[PDB]
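One chain is shown next in structure tokens, namely the form deposited in one PDB entry.
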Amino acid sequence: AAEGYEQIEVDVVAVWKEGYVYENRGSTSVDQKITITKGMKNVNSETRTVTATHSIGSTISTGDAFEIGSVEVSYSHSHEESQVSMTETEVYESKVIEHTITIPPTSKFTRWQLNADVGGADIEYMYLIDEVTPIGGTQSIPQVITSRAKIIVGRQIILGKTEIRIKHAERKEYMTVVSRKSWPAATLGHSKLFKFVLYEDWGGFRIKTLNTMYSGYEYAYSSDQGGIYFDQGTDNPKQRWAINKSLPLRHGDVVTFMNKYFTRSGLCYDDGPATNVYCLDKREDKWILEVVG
């Protein structure tokens, strides 16, 4: 939808449910109260980005960040095929609806409830249909023909090609390359000139800097003392990292880089003497990946 994002339509799991049913076996109308809440359960409000609980085809894997642009369902009721679309402002809103009803004599009122599981997100009462039929008379069961959703996610980071920036989530600072002990060393900064390229091989992920002052020494790695420097490409697991998120990596992803040799140590911030980007034991700081325009 926005600069650096892509909208993808995808098939979603939608289901009807008898939301409310009142069987008026007696003569004259009887009144009861009923209230519903149309919208997504446990909406963050501070953000519309939803992390996945379960998959959505091949596009969305678990733990992936997406945004629901819309949800579209096609339903067949009483031999009458129609369809309803739910805009983005409707899914992330908690719309509360309340009202009493007077059911006709010797009749069964039915309010069918439609819900959606768009990658974990439980959109309750997407739609409803108030069907009323006499007691005994076979009512129509609404079926789902095609349930789909339009989701926004972030441009795909093509490994070994797309140039990105690796920002600290908490400090909102970019990871830069400075000199430390005559070697390229990682440290936080505000400069948006420090770009990187992510690779992946048998040994894990690699972080190739494009801004090394010592040419050739360009792959981020953890030393034995814990600090982060850049070295020439080798099969050394100290320059290999493990990302918590599943592939593919997209723009705006929030990830944690865990070293492959120092399996319990992860890429983090630590007020050091010369630099502040380290790879320390029992530490798993979050970093934001973002594509350059």
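Just count from 1 along the sequence shown to find any residue number. C-alpha atoms forming the largest set that superposes within 1.5 Å between two forms make up the rigid core.
What comes next is about the form solved in complex with a small molecule, which is not displayed.
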key: Location of the small molecule contact in the entry with it bound, chosen stretch of 243 to 251, 66 to 74, 258 to 266, 49 to 57 [non-hydrogen atom, 4.5 Å]   = 258 to 266
ask   = Heavy atom to heavy atom, is residue 180 within 4.5 Å of the small molecule in the entry with it bound?
value = yes
query = Do residue 229 and the small molecule share at least one heavy atom pair within 4.5 Å in the entry with it bound?
reply = yes
key: Partner proximity in the entry with it bound: residue 130 to the small molecule, non-hydrogen atom cutoff 4.5 Å   = yes
inquiry  = Would you classify residue 146 as touching the small molecule in the entry with it bound, given a 4.5 Å non-hydrogen atom cut-off?
reply    = no
ask   = Though the small molecule is not shown, can you say which of 78, 85, 94, 211 has a heavy atom within 4.5 Å of it in the entry with it bound?
value = 78
query = Upon rigid core superposition, which of the listed residues (26, 233, 252, 57) is displaced by 2 angstroms or more at its Cα between this form and the one not shown?
reply = 26
